[PDB]
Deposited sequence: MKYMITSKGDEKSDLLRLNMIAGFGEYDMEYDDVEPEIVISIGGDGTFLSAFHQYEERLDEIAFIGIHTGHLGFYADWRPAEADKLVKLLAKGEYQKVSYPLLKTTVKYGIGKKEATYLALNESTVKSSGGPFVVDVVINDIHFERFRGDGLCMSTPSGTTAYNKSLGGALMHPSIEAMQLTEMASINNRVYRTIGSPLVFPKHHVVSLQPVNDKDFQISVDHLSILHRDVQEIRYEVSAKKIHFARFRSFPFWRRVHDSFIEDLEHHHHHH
């Protein structure tokens, strides 16, 4: 099939990429970075996030694979020594595909909307002043949040920023998104839930400005300052990222290997 390979751009990843391209030249595999059906990312989870967003308009026609040239990644979960074995099995095909849920972010602004997809999370912080937003769940006012910010995570993202904020780790077969707080003010006057919140599909979480309407909005590794924002809306996307799998590497073992020992 058509395939492309993206590289972190250090010497190890570049030369692994060139060696895999050579191995692919021995099969019926065309290098096409415009309409690939296989996207291989060589580097770390950061590289893999860039690959994802590089091809987010063709998610339904692409199976991703990540190779980690440094430590193990949750996405880049293949070792560089297995790259040849990877070339062959990928060339033959007949591989299974697994899908992880994604987070849809809608930003309504000015006197119009922008939509984004996140593989890890979307966060909202302030443009410097205090951060105050009303949190509305399915059109009912839930809380008035004052603090540093809010993080809305996919399942595969729960091991990332969400984790460092005290969120739960969620198996990626659960179609959900998780909201976590960053340093909420809680006293007699100001009140938030504190706990992470886990939302199923079709639930809509809306953040609405109270005073300042300029926010720093992040989607995975991208961080945009948005002006005249009237609303930020979160829901589980109907779109899914597809991974090529050649071997059982269970999520919970990936968790164990990354945080417990390996």
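Unmodelled regions of the deposited chain, listed from N- to C-terminal end, are 112-113, 265-272.
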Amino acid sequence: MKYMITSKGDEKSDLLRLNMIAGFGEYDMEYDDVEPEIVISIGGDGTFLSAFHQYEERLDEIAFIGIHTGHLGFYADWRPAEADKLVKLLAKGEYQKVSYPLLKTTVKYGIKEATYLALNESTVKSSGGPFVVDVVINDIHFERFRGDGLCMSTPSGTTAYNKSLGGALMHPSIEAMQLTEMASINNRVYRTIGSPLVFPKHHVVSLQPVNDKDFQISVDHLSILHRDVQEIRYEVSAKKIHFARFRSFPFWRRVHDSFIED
From here on, numbers count along this sequence of modelled residues.
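Throughout, rigid core stands for the largest set of C-alpha atoms superposing within 1.5 Å between the two forms.
Root-mean-square C-alpha deviation from the shown form, taken over all structures in 6 other deposited structures of this protein superposed by the rigid core, is larger for 112-120 than for the alternative among 112-120 and 154-162. Stretch comparison, 101-109 versus 185-193: after rigid core superposition, larger RMS CA deviation in 6 other deposited structures of this protein is found for 185-193. In the other compared entries of this protein that model both flanking residues, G46 has coordinates in every one, well short of a third left out. Across the other compared structures of the same protein with both neighbouring residues present, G70 lacks coordinates in at least a third.
Looking at mean Cα B-factors across 219-227 and 41-49, the upper value is held by 219-227. The PDB entry records a higher mean C-alpha B factor for 209-217 than for its counterpart among 209-217 and 190-198. The entry assigns its greatest Cα B factor, within the set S126, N138, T180, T105, to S126.
Highest C-alpha temperature factor among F142, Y161, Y109, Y75, as the PDB entry reports it: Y109.
Per-chain ranking of the deposited C-alpha B factor places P101 in the middle third. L165: CA B factor in the lowest third of modelled residues in this chain (values from the PDB entry). Ranked against the other modelled residues of its chain, the C-alpha B-factor of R58 as given in the entry falls in the highest third. Ranked against the other modelled residues of its chain, the C-alpha B-factor of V236 as given in the entry falls in the lowest third. Compared with the other modelled residues of the chain, the Cα B-factor recorded for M1 ranks in the highest third.
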